[PDB]
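Everything below concerns the one structure shown next.
Number of protein chains: 2
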Amino acid sequence: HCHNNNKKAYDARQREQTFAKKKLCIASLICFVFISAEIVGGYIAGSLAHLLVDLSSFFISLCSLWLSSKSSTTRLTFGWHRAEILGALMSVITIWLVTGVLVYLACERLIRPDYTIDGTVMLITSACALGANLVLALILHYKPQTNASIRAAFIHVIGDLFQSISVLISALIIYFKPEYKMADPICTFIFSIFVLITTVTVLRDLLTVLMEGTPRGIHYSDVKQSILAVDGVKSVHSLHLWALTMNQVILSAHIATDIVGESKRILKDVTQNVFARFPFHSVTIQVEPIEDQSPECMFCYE
Amino acid sequence: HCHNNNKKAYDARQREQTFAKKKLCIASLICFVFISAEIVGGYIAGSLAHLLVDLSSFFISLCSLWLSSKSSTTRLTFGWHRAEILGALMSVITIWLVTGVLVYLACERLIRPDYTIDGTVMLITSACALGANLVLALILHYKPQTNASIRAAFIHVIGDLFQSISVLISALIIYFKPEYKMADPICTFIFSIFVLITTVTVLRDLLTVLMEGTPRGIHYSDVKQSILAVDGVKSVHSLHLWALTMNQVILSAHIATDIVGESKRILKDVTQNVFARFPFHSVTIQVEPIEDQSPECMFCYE
Ligand SMILES: [Zn+2]
Ligand SMILES: [Zn+2]
Ligand SMILES: [Zn+2]
Ligand SMILES: [Zn+2]
Ligand SMILES: [Zn+2]
Ligand SMILES: [Zn+2]
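Residue numbers (full-length UniProt numbering), protein chains in the order written: chain V, 45 to 92, 99 to 191, 211 to 371; chain Z, 45 to 92, 99 to 191, 211 to 371.
Below is the structure:
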């Protein structure tokens, strides 16, 4: 049967969805408890948050992981396995919106200075936030790539850590020197570009998956030579590779043979060699006689 | 050759990209001229816009249409043809953000009433906006579906038309009865739900394309019977259909044959019958002997 070699690709996926669900679930509880500490800390202090969207970011990334367990349907024939890639794009988009709003809020503070703020509250608030974010980063943190959902709930955690550094640095200089208060808002600006830089290597490895591009991990040239290693085959055209999710790849190609007879042996030999370089989700390979091959058609050009 | 029947699918696409580029280009010029009318209308009136994002919405939908003309590459093997689907998702997202901001702005006006506004400016501004939006809607406005880019620059145009109706109704009731000014803000609320309803039948026909779902236009059952019409074939398993863009579909299936000999005739017969029901972008069909078929494997279940 042609489904014999798919066990390895099926076995690994089941372990990764359970392992990633457990790790993300534990971190959600810590965030929920940490938020509750603000309310019980005080009334006036708690009256004056950013942690509200943290609950949403840790709910979408976990709710979307449940739909990936759904079965097939006459629509969405492959399945719901791409819900994690598309469900981890909204989380990264949320980082851009929150930073943009916070930058706009900081801009208003620059033109209109304020003095009602007190440094005592800032120091105690920064210390509590720094500890919670640092521990939450550690628990989230041929070799398979990282999951496409734990890689989108980790950039947000490191995003809030930088703001914690910025507020501590800004508050520290105020105590040492009360003057030059105009340099307080610019601390956010100098520590906001870094948040918009760390989200550039994620929004590229995740945007070539949503437009049928070859994922990181497999090389086009390596696969092309592997098929040609078989003595029976002659040439390959219209090779197609695309990634259904981050660590699942699919293959589809044409093969031209020299001898029409005993073509079943060629099909079995090619499949075994292809599967010896990567665990493929599925593979579909045609056979075409050499006498019908034509080189003048445009579609066979790379 | 196996590329003989792809001419029909290639010919139609070239015409649609040129026809859609011409229509969208003309509408952009009208919007640019219409915006310039506000500045030359007056100084104090022009000092006190929403049309700024209209230029961006009519630039992304046209700039993204250029990348779809790019050639293939060792990465993104299929091509850049899905840039229009992904480039028409940001335009719809922009509608949600603008409405949300405008709703928030209207909320502040409700709690804090204002009287500095004059109805004379509102009436003349609404009349000019209503005419420009109405004409722009008309020019944009087996049978192929509409393009995936003209269907995302048309929802925005009809989105601004409803706001033009709302401001005219709100201004009209003020002149008839200066009292009950608290009913002015609710006019926007009663005419903002409609904008968030008209963008629900678009964000569904466009989200099952980005997750390898069957598009509107082709039925799974119809294709399955078409292959089985051939006397040579016995059964089909692991049938896969997905849409690369809105009006381009791809097929991939397995076929089990009874007689090993003369298998080349079966491959040619199946391809002709499949192409007689829909113009397919590409088709890949395997052949598997009956003696190797096994029914106990789980992967052959629908
Ligand atoms: Zn099979
Ligand atoms: Zn955050
Ligand atoms: Zn060819
Ligand atoms: Zn071929
Ligand atoms: Zn608009
Ligand atoms: Zn099977």
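Backbone N, C-alpha and C define an ideal beta-carbon position, used for all residues, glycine too.
DSSP places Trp311/Z within a strand segment (E or B) once states are collapsed to three.
Around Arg125/V, the beta-carbon contacts reaching into chain Z at under 9 Å are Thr277, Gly282, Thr283 and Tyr289. For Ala322/V, the enclosing beta strand (DSSP E) covers residues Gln317 to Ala322.
Secondary structure at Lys303/Z: strand, using DSSP grouped into helix, strand and coil.
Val352/Z has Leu320/Z as its beta-bridge partners, per DSSP.
Assignment of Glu82/V by DSSP, reduced to helix, strand and coil, places it in the helix class. In chain order, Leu276, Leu279 and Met280 make up the part of chain V whose C-beta sits under 9 Å from the C-beta of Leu136/Z.
Residues with their Cβ less than 5 Å from any non-hydrogen atom of ligand 3, running along the chain, are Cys366/V, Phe368/V, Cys369/V and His47/Z. If you look at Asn342/V, you'll find it in the alpha helix (DSSP H) that goes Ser332 to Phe344.
For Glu357/V, the distance from the CB to the nearest heavy atom of ligand 4 is below 6 Å. Interface with chain V (7 Å Cβ-Cβ cutoff): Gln355/Z is included. Fully enclosed alpha helix (DSSP H) runs of no fewer than 4 residues occupy 252-259 of the region 226-259 of chain Z, in order along the chain.
Ligand 1 has no heavy atom closer than 6 Å to the beta-carbon of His323/V. Excluding five sequence positions before and after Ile74/V, the CB atoms of its chain that fall closer than 7 Å to its own CB belong to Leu186, given in chain order.
Within chain V, the residues placing a beta-carbon under 7 Å from that of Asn50/Z are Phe368, ordered along the chain. With a contact defined as Cβ atoms closer than 8 Å, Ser107/Z and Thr149/Z miss out at about 13 Å.
Inter-residue distance for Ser363/V and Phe344/Z is about 20 Å (C-alpha atoms, whole angstroms). Excluding its 5 nearest sequence neighbours in each direction, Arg159/Z has C-beta neighbours in its own chain below 6 Å: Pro254, listed in chain order. From the beta-carbon of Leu160/V, no residue of chain Z is found nearer than 8 Å; the closest lies around 22 Å away. For a Cβ distance threshold of 8 Å, residue set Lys333 of chain V lies close to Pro358/Z, ordered along the chain. Exclusion of the five residues before and after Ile79/Z leaves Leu101 as the residues of its chain whose Cβ lies within less than 6 Å of its Cβ.
About 58 Å separates the beta carbons of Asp229/Z and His45/V, which is beyond the 8 Å limit, so they are not a contact pair. When only Cα atoms are considered, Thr314/V and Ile335/Z end up about 34 Å apart.
Per DSSP, the continuous alpha helix (DSSP H) segment holding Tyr154/Z begins and ends at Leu139 to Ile161. The region 297-308 of chain Z makes contact with the region 317-337 of chain Z; the number of CB pairs closer than 8 Å reaches 3 or more. The criterion of a C-beta distance shorter than 7 Å is not satisfied by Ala217/Z and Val142/Z. Remark: C-beta atoms of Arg125/V and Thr283/Z approach each other more closely than 7 Å. Burial of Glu134/Z is indicated by the presence of at least 16 other C-beta atoms within 10 angstroms of its C-beta. The beta carbons of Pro358/V and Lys333/Z sit about 6 Å from each other, so the pair counts as a contact at 8 Å. Below the 9 Å Cβ cutoff, chain V contributes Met280, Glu281, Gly282, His309 and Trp311 as neighbours of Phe128/Z, in chain order. The residues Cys75, in chain order, have a CB closer than 7 Å to that of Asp104/Z in the same chain once the five nearest residues on each side in sequence are set aside.
Look at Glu360/V here: in three-state DSSP terms it is helix. Secondary structure note for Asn49/Z: it is in no alpha helix (DSSP H), with a DSSP letter that is neither H nor E. At a beta-carbon threshold of 8 Å, the residues of chain V lying near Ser321/Z are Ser321 and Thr353, ordered along the chain.
7 Å or more divides the Cβ of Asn183/Z from the Cβ of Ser235/Z. Neighbourhood of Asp229/Z in chain V, by CB distance below 7 Å: empty, with the nearest CB roughly 23 Å away.
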